[PDB]
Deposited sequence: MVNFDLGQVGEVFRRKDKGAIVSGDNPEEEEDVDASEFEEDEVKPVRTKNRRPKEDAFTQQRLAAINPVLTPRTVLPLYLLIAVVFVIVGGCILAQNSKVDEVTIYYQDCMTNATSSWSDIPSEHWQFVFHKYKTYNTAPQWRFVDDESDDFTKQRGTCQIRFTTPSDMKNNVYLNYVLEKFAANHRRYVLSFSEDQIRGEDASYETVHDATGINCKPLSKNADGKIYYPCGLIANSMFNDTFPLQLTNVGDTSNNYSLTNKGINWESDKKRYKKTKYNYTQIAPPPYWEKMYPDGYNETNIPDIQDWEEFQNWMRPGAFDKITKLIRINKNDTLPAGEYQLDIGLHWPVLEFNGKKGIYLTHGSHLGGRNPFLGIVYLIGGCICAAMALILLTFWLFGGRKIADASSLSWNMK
């Protein structure tokens, strides 16, 4: 009855070089006859390159003078700069000495007793500097790389906007936090610590030829920054009634901003140079350039108006006059390190060849396998 009724009632994986782990490949086994030539190739030509770099680096001649002690050490009469303040490097003339001179011309009209007057610096160059002469300024011990300092500016104000107070003060990440607005309630136009503390010394638009003043060497503040930077820096759209100068720019703008005097930060390449803070403790920024004429051998004078204080923090400020290299200034590191690398490669090649000629084994030895020995 019920029992009778109950009685009555592919995956093969794809064969493929990829899925079967059989891709086309080389298996590099390193043997001395392939490794030692590589070592020698690297050695030989890292030595070529290091020698060429060191050779082209010796040709770099430069002038450095730290004038931070000009108000107190210099006098009203021409006096040699102490040896600790200058460094000359001329490669045709390795025994120069010929100390530079400086003179302090005080300005009692100015009431900033910390930095005032003009430092006149006379230096003699025995050689010519190429047709592309850079007058940089150096700062020592000014820290432009601290956490709050380095984020203290408005990108909205750099980009030409008439940024609100909240846009300027309460922006995520970078914002000009301690310096966004003055006690009256006007927004600082270049807000932030970076713009406030802009280097202030006035550099001349020429090098006075002390011998023949009929031909003075001319310098420019145009072309001292990348030109593409004018795509990022824009002339502001503020209205001179919304903005005020930074706190430390108030000797520059005693009345404040008004109709004509607002700075054009697009044309102001010193401002754009300062707004790029230095990564390290020594800060070099281009301030003057001559792309036309060679600076012939002779004695020149540089008159710097002193407005920026450094002696509070034992800092230094100086001038650095160069023509440069393709690798930058004069720095022997790259050549020394290319030569060291070539010599280390050659030494390892020789050491391995020596260890091979004496304790060199046989290559394809199934007898040296761990199990065939034990």
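Asker: Let me make sure I understand the coverage. Which parts of the deposited sequence, in order from the N-terminal end, have no C-alpha coordinates here?
Answerer: The deposited sequence has unmodelled segments at 1-35, 45-49.
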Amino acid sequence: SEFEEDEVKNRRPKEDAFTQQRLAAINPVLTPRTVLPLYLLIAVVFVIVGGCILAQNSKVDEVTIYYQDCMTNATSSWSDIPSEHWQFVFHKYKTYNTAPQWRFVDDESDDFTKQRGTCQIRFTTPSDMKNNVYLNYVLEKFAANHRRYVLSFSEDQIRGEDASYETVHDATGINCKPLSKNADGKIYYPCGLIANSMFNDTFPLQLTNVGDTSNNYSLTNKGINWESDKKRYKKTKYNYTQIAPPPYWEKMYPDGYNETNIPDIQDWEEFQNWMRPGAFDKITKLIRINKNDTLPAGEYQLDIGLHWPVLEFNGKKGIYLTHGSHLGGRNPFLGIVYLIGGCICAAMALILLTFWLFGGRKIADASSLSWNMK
From here on, numbers count along this sequence of modelled residues.
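What we label the rigid core is the largest C-alpha set whose atoms superpose within 1.5 Å from one form to the other.
Asker: Is 267-275 or 95-103 the stretch whose C-alphas end up farther from this model in 7 other deposited structures of this protein after a rigid core fit?
Answerer: The more displaced stretch in 7 other deposited structures of this protein turns out to be 95-103.
Asker: Can you check whether 213-221 or 236-244 lies farther from the displayed model in 7 other deposited structures of this protein, averaging C-alpha distances as RMS after superposing on the core?
Answerer: Greater root mean square C-alpha distance in 7 other deposited structures of this protein: 213-221.
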